[PDB]
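Down below is the structure, laid out as structure tokens.
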Amino acid sequence: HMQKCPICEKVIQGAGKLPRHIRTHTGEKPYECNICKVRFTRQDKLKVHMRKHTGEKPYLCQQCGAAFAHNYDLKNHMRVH
Amino acid sequence: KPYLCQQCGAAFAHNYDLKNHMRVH
DNA sequence: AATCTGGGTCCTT
DNA sequence: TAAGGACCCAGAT
Ligand SMILES: [Zn+2]
Ligand SMILES: [Zn+2]
Ligand SMILES: [Zn+2]
Ligand SMILES: [Zn+2]
């Protein structure tokens with residue numbers, strides 16, 4: 001459920017989410033992009049970054065099928081609808 | 001140090017050393 | 001203005 | 001079933 005960070009005492013929500021918060025203190029970046037060697041504190045941040053290399057666009061507009069890498073681009077797109 | 005077991009209170013410097021000890025209990 | 005940071009919840013074995 | 005994986009978002013660079 002939740003835990004207090006033993007460094008700054010802030011309450012961190014989520015079973016398994018304390019390590020990612022601790023790394024905001026330590027600066028450890030355990031995840032590395034295989035292509036451009038850039039490192040990240042979080043697996044999910046690396047995953048979005050790899051879209052730059054794979055060209056993947058998982059955010060799809062149900063009206064016309066326009067495909068985007070970021071949800072805010074999709075949000076911007078939907079004004080035309 | 002920052003990775004503390006919530007059952008026996010042993011302190012571990014890295015996350016794996018904490019998760020290595022989770023099998024003891 | 002676009003993109004990032006850090007923290008939130010849901011799902012799935 | 002922990003906790004990995006996925007995704008959202010308010011605020012900041
Ligand atoms: Zn902290
Ligand atoms: Zn890369
Ligand atoms: Zn569209
Ligand atoms: Zn223990």
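So that the names make sense, note that chain A is the first sequence line, chain B the second, and so on, each numbered from 1.
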- prompt: Going from NZ on B:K1 to CZ on B:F12, what distance comes out if it is rounded to the nearest 0.5 angstrom?
  reply: 13.5 Å
message: When you measure from the side chain of A:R39 to the backbone of A:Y31, do you find a donor-acceptor pair of N or O atoms at a distance under 3.5 Å?
response: no
statement: Between CG of A:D73 and P of C:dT3 the distance, given in whole Å, is 6 Å
Integer-rounded Å distance: D:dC7 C1' and A:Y72 OH: 15 Å
field: C:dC4 OP1/OP2 closer than 4.0 Å to side-chain N/O of A:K52
entry: yes
query: Atom CG of A:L46 to atom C1' of C:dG6: distance rounded to whole Å?
result: 17 Å
- request: Let me know the distance between CZ of A:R51 and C1' of C:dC4, rounded to the nearest Å.
  value: 14 Å
message: Rounding to an integer number of Å, can you tell me how far A:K29 NZ sits from C:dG6 P?
response: 9 Å
message: At less than 3.5 Å, do the side-chain atoms of A:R20 and the base atoms of D:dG4 form a donor-acceptor pair?
response: no
Passing candidate, side-chain hydrogen bond (donor to acceptor under 3.5 Å, both in side chains) with A:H21, options A:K17, A:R23, A:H25: A:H25
- prompt: Roughly how many Å is it from NE2 in A:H21 to P in C:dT5, rounded to a whole number?
  reply: 16 Å
task: Check whether any side-chain N or O of A:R42 sits under 4.0 Å from OP1 or OP2 of D:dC7, and answer yes or no.
output: no
- prompt: Looking across every strand, which nucleic acid part, if any, lies under 4.0 Å from A:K47 by heavy atom: base, sugar-phosphate, or nothing?
  reply: sugar-phosphate
- prompt: How long is the line joining CD of B:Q6 and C1' of D:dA3, in whole Å?
  reply: 14 Å
query: What does B:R23 touch in the nucleic acid at a heavy-atom separation under 4.0 angstrom: a base, only the sugar-phosphate, or nothing?
result: nothing
query: Whole Å only: how far is the CD atom of A:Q13 from the P atom of D:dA3?
result: 16 Å
message: Categorize A:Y59 for me: base, sugar-phosphate, or nothing, with a 4.0 angstrom heavy-atom threshold over every strand shown.
response: sugar-phosphate
task: Please assess B:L18 against B:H21 for the test side-chain contact (heavy atoms from CB on, under 4.5 Å), listing each intermediate value before the final yes or no.
output: CA-CA 5 Å; B:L18 165 59; B:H21 177 79; 5.5 Å; no
- request: Ignoring hydrogens and angles, answer whether the base of C:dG6 and the side-chain atoms of A:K10 contain a donor-acceptor pair closer than 3.5 Å.
  value: no
message: Is there a side-chain contact between A:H70 and the phosphate of C:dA2, meaning an N or O under 4.0 Å from OP1 or OP2?
response: no
message: If you compare every side-chain N and O of A:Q43 against the phosphate oxygens of D:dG5 (OP1, OP2), does one of them come in below 4.0 Å?
response: yes
statement: Between A:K45 and B:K19, whichever has its closest DNA chain D nucleotide further toward 5' is B:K19
Given DNA chain D, 5'-ward residue of the pair A:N71 and A:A15, judged by closest heavy atom: A:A15
- request: Just say parallel, tilted or perpendicular for the rings of A:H70 and A:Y72, cut-offs at 30° and 60°.
  value: tilted
